[PDB]
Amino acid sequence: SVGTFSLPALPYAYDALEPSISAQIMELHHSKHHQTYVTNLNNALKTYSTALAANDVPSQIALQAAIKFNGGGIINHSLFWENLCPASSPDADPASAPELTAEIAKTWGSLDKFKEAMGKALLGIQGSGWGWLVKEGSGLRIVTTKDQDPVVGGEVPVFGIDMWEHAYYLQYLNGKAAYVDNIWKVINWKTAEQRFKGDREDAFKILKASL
């Protein structure tokens, strides 16, 4: 039935990504922000179902902002949690992603040059938004999205990094560069490799965990 999303459990404990991301941020980010996207998405979807059945197009259009924002919220965060992992896990080793890192090096020259390019895009975001490594056709691209806009246009998301201030401010204050530098330690390259090899639908299977 429509609008039965729930907050999925994290793949790890709230303090599992320290020192890169504090337990305080993880708990707030998950239990509060992600939770709010779930609740407000469900409310919008139930309202939309009525308007859709009634062929009430004005109400449907007026509901789009709530669905894109909160729906994008659960999409982006579902992907986000899955492509993070504890620094001690083997999945944080980029050796877990031989084909992806091979294509990264082909495209940007090296993994370090890619990290530099990605960092620049993340720090260049004006306001709230996300940075993404995506697969487009066979090639890789760095893209950013504003607010909670998701990567649903056709590309395969490989991994994303949240640049909303609530993702880092309590720990890094205005130092978003330090946040980005440290998040590399907790990137889940096993997840990234799997998405790189799969297609768009494969990548979004994770959303089933929220239903």
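A residue's number is simply how far along the shown sequence it sits, counting from 1.
Peer 1: 41-49 versus 169-177: which one carries the higher mean Cα B factor per the record?
Peer 2: Comparing averages over the C-alpha atoms only gives 169-177.
Peer 1: Name the higher of the two by mean Cα B-factor in the PDB entry, 63-71 versus 138-146.
Peer 2: Mean B over CA atoms: larger for 138-146.
Peer 1: Among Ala92, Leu79, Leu133, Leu122, which residue carries the highest C-alpha B-factor recorded in the PDB entry?
Peer 2: In this record, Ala92 carries the highest C-alpha B-factor of the candidates.
Peer 1: Within this chain's modelled residues, let me know which third the CA B factor of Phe159 belongs to: lowest, middle or highest.
Peer 2: Ranked within chain, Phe159 CA B lands in the middle tercile.
Peer 1: Thinking about Cα B factors across the chain, which third does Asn182 belong to?
Peer 2: Highest third - that is where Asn182 ends up once the chain's C-alpha B-factors are sorted.
Peer 1: Would you mind checking where the Cα B-factor of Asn83 ranks among the modelled residues of its chain, as the lowest, middle or highest third?
Peer 2: Middle third by C-alpha B-factor.
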